[PDB]
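Step one of this worksheet: look at the structure below.
Please treat every number below as a calculation from the coordinates, not as lab data. Here the Cβ is made from the backbone with ideal geometry for all residues, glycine too, and neighbour counts use every protein chain on show.
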Amino acid sequence: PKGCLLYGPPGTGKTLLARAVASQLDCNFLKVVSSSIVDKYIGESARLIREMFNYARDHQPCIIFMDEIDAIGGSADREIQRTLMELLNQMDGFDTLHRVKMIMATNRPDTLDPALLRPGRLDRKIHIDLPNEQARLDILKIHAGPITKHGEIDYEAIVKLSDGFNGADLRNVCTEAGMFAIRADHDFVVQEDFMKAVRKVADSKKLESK
Amino acid sequence: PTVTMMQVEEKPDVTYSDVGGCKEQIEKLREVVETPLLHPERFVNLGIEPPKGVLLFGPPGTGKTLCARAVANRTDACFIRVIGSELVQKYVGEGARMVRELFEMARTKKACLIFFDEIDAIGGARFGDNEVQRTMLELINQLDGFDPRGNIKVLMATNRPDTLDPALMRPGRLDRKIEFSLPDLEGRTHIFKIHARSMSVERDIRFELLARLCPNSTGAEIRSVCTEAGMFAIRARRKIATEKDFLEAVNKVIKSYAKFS
Amino acid sequence: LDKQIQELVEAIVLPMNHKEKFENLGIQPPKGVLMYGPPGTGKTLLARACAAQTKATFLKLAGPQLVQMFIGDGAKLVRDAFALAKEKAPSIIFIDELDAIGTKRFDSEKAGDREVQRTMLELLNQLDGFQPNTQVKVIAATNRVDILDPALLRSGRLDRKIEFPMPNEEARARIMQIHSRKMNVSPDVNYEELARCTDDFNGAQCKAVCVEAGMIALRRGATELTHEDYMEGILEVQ
């Protein structure tokens with residue numbers, strides 16, 4: 001697969017996974033701006049996309065991130081569609097693509113150019129959805145690692161009482177409860193602050209989850 | 001170059017009596033340039049940091065004369081002024097070590113007052129401009145920044161208020177932005193009152209009469225009136241100046257020169 | 001409004017010298033704090049009121065400074081600021097007007113962001129792949145949160161969304177009380193009438209009122225600042 005699609009319609013969570021592996025090694029770095037198309041000056045950004053992605057072709061290993069690609073999923077949109085034609089004629093272009101890689105991220109899978117949603121170019125797609133009682137438990141068990149806890153351990157009320165979220169909101173809320181545990185400056189961390197603080201702060205993230 | 005030692009203005013010159021009708025504004029700017037000199041310790045006893053400076057801008061009028069005023073009235077130690085002509089020069093970047101060495105001379109001259117004229121030379125960048133961005137951002141870091149001191153005198157004189165960055169960066173340190181308010185119908189008689197120490201003036205001359213028939217005749221043009229008075233007094237071999245003698249020079253220098261301007 | 005100065009003093013002081021507890025309870029130092037909201041609160045003046053409480057190495061840095069004429073200055077300033085920040089001890093540096101350069105627009109009528117947001121995304125690379133980032137903190141503040149990058153939702157990135165709910169005049173008499181507790185003022189200050197008179201004013205405008213009170217105090221006859229010179233300054237400049 002030479003392309004992936006990451007749409008977390010509830011909240012987010014793709015940026016900490018792409019940030020997990022990419023922050024781990026990523027083997028390289030290359031970033032494409034979501035607003036790299038407005039082009040106040042003359043509309044000659046095509047040669048600079050050929051230059052940038054030509055440098056990506058110059059590097060044998062390469063991973064390219066395109067975060068928030070729903071902004072260009074709509075002469076305002078004319079040059080946007082010109083950069084989209086650069087995407088078409090540079091992914092399906094003429095180059096040895098046996099080693100390059102790229103990852104495209106978005107927010108909502110509704111305005112993602114169903115003409116671009118044609119398979120072949122976007123080979124991979126992973127929908128991050130409501131709690132399946134497995135992924136939230138796994139991500140909770142791996143986020144509970146670096147944080148310290150007491151002997152009393154509970155997870156059913158944390159997976160059950162936190163809905164509509166992912167590992168990103170669970171990371172910010174669990175680490176928020178940990179910051180309440182450092183606001184209690186004790187030598188242990190009982191999960192009472194996790195139940196009440198993850199409950200209330202998670203409800204605040206449900207209020208401001210827009 | 002030799003401008004670094006030319007920054008000193010010895011040989012006192014025009015005194016307080018060239019105020020062009022700004023009887024209140026001369027206090028609204030004297031309060032920072034000359035008031036903190038009589039009793040500097042009492043401002044420290046007040047608790048507040050001594051004032052920084054004011055902003056003079058707008059029309060030219062009789063500009064650059066108030067610096068001579070600040071030279072004559074300051075009878076202790078003349079100050080340093082920095083005209084904007086030394087900023088716009090070939091091989092930019094000299095103004096950094098230049099402002100650091102005139103600040104060094106300011107610390108060597110027991111807190112010498114520093115003046116900055118003609119900000120419109122590099123003002124209004126509206127971002128070849130990066131070399132100007134260095135001189136103006138470093139200029140803000142040396143003037144608006146408290147690096148030398150929040151102290152005695154900072155001021156910018158100009159003919160255009162279009163300065164983008166200094167207008168939004170002055171209120172933190174600087175204050176008291178006032179217009180120039182060039183003299184009209186009530187200041188030219190006082191510029192004649194300071195020109196009373198020129199060539200002998202007959203008591204028949206009425207300063208208001210010579211100062212009311214000359215619209216748009218600030219200190220420069222009436223300074224040329226008092227110059228052509230003695231000049232034609234030499235061309236006519238006159239011993240005393242009288243307005244009825246050089247009235248042709250007056251209405252000539254204002255009318256014959258106001259036809260095309 | 002003391003929870004936004006106390007929450008900030010905590011959020012910038014505790015990640016400085018609590019490494020012992022950071023290794024006793026496994027807590028990471030807070031990095032991202034969003035001091036957004038309407039003007040008047042003086043995010044730069046209050047960030048100076050907290051930076052003075054820290055007194056660390058402060059370096060100037062604004063939002064639209066990335067907008068230049070030539071190429072190569074953005075990486076020089078980002079990698080220079082994180083070169084001295086990455087080299088020296090952990091300090092405190094406050095920036096402002098982050099939304100002026102981190103704003104995306106569907107309409108392509110007029111916007112830059114090519115190298116401003118490509119260099120800004122190089123800065124977000126230095127905050128994206130650099131886990132040893134426990135060094136010098138970069139406090140960010142915006143003037144409006146209408147448009148915001150959805151990728152900025154993280155504990156290391158902007159999380160402490162501090163809003164300004166039109167602070168009361170008493171809060172302006174608290175930050176103005178800190179900005180006026182140094183002068184030799186006669187100890188008759190209720191702060192209530194002079195707080196109530198300072199309506200719809202900014203922080204630098206209140207400091208201009210205090211300076212204006214410090215101007216005529218020489219010619220008022222008394223060497224100690226009085227109570228009526230504050231309202232005299234209010235009616236004087238504004």
Residues in the range B:170-185 that are among the basic types (K, R), surrounded by 18 or more Cβ atoms within 10 Å (Cβ to Cβ) and not in a helix (DSSP H, G or I) total 1
* Flag if C:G42 is crowded, with 19+ Cβ neighbours inside 10 Å and within 14 Å of chain A (Cβ to nearest Cβ) -> no
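Among the candidates B:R81, B:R42, single out the residue that is more than 14 Å from chain C (Cβ to nearest Cβ), under 27 Å from B:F146 (Cβ atoms) and either surrounded by fewer than 18 Cβ atoms within 10 Å (Cβ to Cβ) or among the charged types (D, E, K, R) (or both).
The unique qualifying residue is B:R81.
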Within the range C:50-79, restricting to residues that are among the small types (G, A, S), assigned to a helix (DSSP H, G or I) and crowded, with 18+ Cβ neighbours inside 10 Å, the one that is farthest from the other protein chains (Cβ to nearest Cβ) is C:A51
Taking the range A:170-200 and keeping only residues that are more than 17 Å from C:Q28 (Cβ to Cβ) and of a type outside the set (A, V, I, L, M), one is left with A:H186, A:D187, A:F188, A:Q191, A:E192, A:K196, A:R199, A:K200
Contact list, first residue from the range A:1-22 and within 10 Å of chain C (Cβ to nearest Cβ) and closer than 26 Å to A:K210 by Cβ, second anywhere and of a type in the set (S, T, N, Q) and part of a loop (DSSP other than H, G, I, E, B), beta-carbon distance below 6 Å, six or more apart or interchain, is A:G11/A:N166; A:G13/A:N166
Selection from the range B:215-261 of residues within 20 Å of B:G20 (Cα to Cα), in a loop (DSSP other than H, G, I, E, B) and of a type outside the set (V, I, T) yields B:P215, B:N216, B:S217
Every listed condition ((1) touching a helix residue (DSSP H, G or I) at 6+ places or on another chain (Cβ under 8 Å); (2) polar (S, T, N, Q); (3) more than 14 Å from chain A (Cβ to nearest Cβ)) holds for C:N143 save (1)
Within the range C:168-208, restricting to residues that are part of a loop (DSSP other than H, G, I, E, B), closer than 20 Å to C:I5 by Cα and within 14 Å of chain B (Cβ to nearest Cβ), the one that is nearest to the chain's Cα centre (by Cα) is C:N202
Considering the range B:1-24, residues that are in a helix (DSSP H, G or I) and touching an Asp or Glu at 6+ places or on another chain (Cβ under 8 Å), and then whichever is nearest to B:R100 (Cα to Cα), we arrive at B:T4
Checked the range C:117-140 for anything away from every other protein chain (no Cβ under 11 Å), hydrophobic (A, V, I, L, M, F, W, C) and either in contact with a helix residue (DSSP H, G or I) (Cβ under 7 Å, 6 or more places away or on another chain) or closer than 24 Å to A:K210 by Cβ (or both); matches are C:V136, C:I139, C:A140
Note on the range C:25-35: residues assigned to a loop (DSSP other than H, G, I, E, B) and either surrounded by fewer than 20 Cβ atoms within 10 Å (Cβ to Cβ) or among the hydrophobic types (A, V, I, L, M, F, W, C) (or both) are C:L25, C:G26, C:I27, C:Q28, C:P29, C:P30
### Query
Mind checking whether some residue in the range B:70-81 is more than 18 Å from B:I26 (Cα to Cα) and not in a loop (DSSP other than H, G, I, E, B)?
yes
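Is one or more of the residues making up the range C:13-24 closer than 23 Å to C:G203 by Cβ, within 14 Å of chain A (Cβ to nearest Cβ) and in a helix (DSSP H, G or I)?
Yes - at least one qualifying residue is present in the range C:13-24.
In the list A:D169, A:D187, which residue meets the criterion of being surrounded by fewer than 19 Cβ atoms within 10 Å (Cβ to Cβ) and either within 14 Å of another protein chain (Cβ to nearest Cβ) or assigned to a loop (DSSP other than H, G, I, E, B) (or both)? Working first, answer last.
Numbers: A:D169 fails: surrounded by fewer than 19 Cβ atoms within 10 Å (Cβ to Cβ).
One residue alone meets the criteria, A:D187.
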The correct count of residues that are of a type outside the set (D, E), out of contact with any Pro (no Cβ under 7 Å at 6 or more places or on another chain) and under 11 Å from A:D70 (Cα atoms) in the range A:98-132 is 5
The one condition B:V92 fails out of (1) under 18 Å from C:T223 (Cβ atoms); (2) not in a helix (DSSP H, G or I) is (1)
Of the residues in the range C:208-238, those that are over 14 Å from C:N184 (Cα atoms) and polar (S, T, N, Q) number 1
Of the residues in the range A:106-135 that are under 19 Å from the mean Cα position of the chain (by Cα) and of a type in the set (A, V, I, L, M, F, W, C), the one that is nearest to C:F106 (Cα to Cα) is A:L112
When restricted to C:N202, C:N184, the only residue surrounded by fewer than 18 Cβ atoms within 10 Å (Cβ to Cβ), in contact with an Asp or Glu (Cβ under 6 Å, 6 or more places away or on another chain) and not basic (K, R) is C:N184
Among residues of the range B:113-168 being within 13 Å of chain C (Cβ to nearest Cβ) and basic (K, R), the residue surrounded by the fewest Cβ atoms within 10 Å (Cβ to Cβ) is B:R126
